[PDB]
Structure formats: C-alpha cells, structure tokens
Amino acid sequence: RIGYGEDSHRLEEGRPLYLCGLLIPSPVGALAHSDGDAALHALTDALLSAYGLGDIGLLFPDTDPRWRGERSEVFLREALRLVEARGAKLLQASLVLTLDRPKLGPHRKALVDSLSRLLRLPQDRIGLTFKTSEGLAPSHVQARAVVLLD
C-alpha cells in the first residue's frame, strides 16, 4: 500500500513553529486554528489516503470536541490506529519540508528522532529533507509526504 499527503500553512511572525511534533525556535509560525504542523498533517493525510479513509479535514475538524485544540500528533496516532485496525504495518515515510525560514538543518536530528518515535520506524526508514522555496512561497510552510505500508 501507498499513500500521498500534502499540507501547507501560512506563517506569521511571532507565532510558535511546530514541525514533526516539535516546537522549533523560529521568527515565524503557523497562522491557523491548528498548531499548523505541516509535517504531521501531510503524514496523517498520507496514512488515511493509503486506506481511502478520507483526510484530516474530514476526520479531525475543530467542530468535534474530541479533536479541537489537540496537538497534531494526536491526529497522527489516530490515523495510525485506524490503518493498523485494517491490517496495516507502516514501513517507510518520506517527506519534504519547504520553508524559506527558519533554517531547519540544526534541528535535523531532533526532527528525525521525533518522527521515528511517533511513527515507530527505524531512522533509516524516515526520509526527511529540507528545502527553501527560493521566494516562490516565502510566507508559507509546505509539506509533501509519501508513506509505504507492508
């Protein structure tokens, strides 16, 4: 099985930045009524998509008291739970984060370790890369993710 997910969030100055379940020091952060964790959102969508379960707007809306205000990791674990109940075993996750600031390189180890712990995958099965948009999207964080299961 395969899944593909994408997520993007406007960035505003002085908001906290969350990626891969972590708080990342940054002059900018997700402007939205989520934590705007683009990384986990794309990953979550990718998991749901692999089983035709819908997407995070459908399963985790802020109109539901279960899900409103929850950390994005909560959604991810939920999606993990759902596809495992259908037989899924997650084997690999590869994703790309695009944002003109801040620099994520110094946070590489922590981000990869977090995804490893939240996805329960070995580090060599976590494919994380960092890019800038070269000014094509200087006010947004974008994530695109592919997952492979059994």
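Just count from 1 along the sequence shown to find any residue number.
Trainee: Between 23 to 31 and 39 to 47, which has the larger average Cα B-factor in the PDB entry?
Mentor: Between 39 to 47 and 23 to 31, it is 23 to 31 that shows the higher mean C-alpha B-factor.
Trainee: Pick between 8 to 16 and 127 to 135: the one whose mean CA B-factor in the entry is higher.
Mentor: Stretch with the higher mean C-alpha B-factor: 8 to 16.
Trainee: Select one of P122, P61, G52, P102: the residue whose C-alpha shows the highest B-factor in the crystal structure entry.
Mentor: Top of the list by C-alpha B-factor: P102.
Trainee: If I read the C-alpha B-factors straight from the PDB entry, which of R81, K89, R117, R66 is highest?
Mentor: Of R81, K89, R117, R66, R66 has the highest C-alpha B-factor.
Trainee: Within this chain, which third does the Cα B-factor at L97 fall in: lowest, middle or highest?
Mentor: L97: CA B-factor falls in the lowest third of its chain.
Trainee: Just say lowest, middle or highest third for the CA B-factor of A85 relative to the other modelled residues in its chain.
Mentor: Highest third - that is where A85 ends up once the chain's C-alpha B-factors are sorted.
Trainee: Can you tell me which third, lowest, middle or highest, the CA B-factor of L111 falls into for its chain?
Mentor: Within its chain, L111 is a lowest-third residue by C-alpha B-factor, going by the deposited values.
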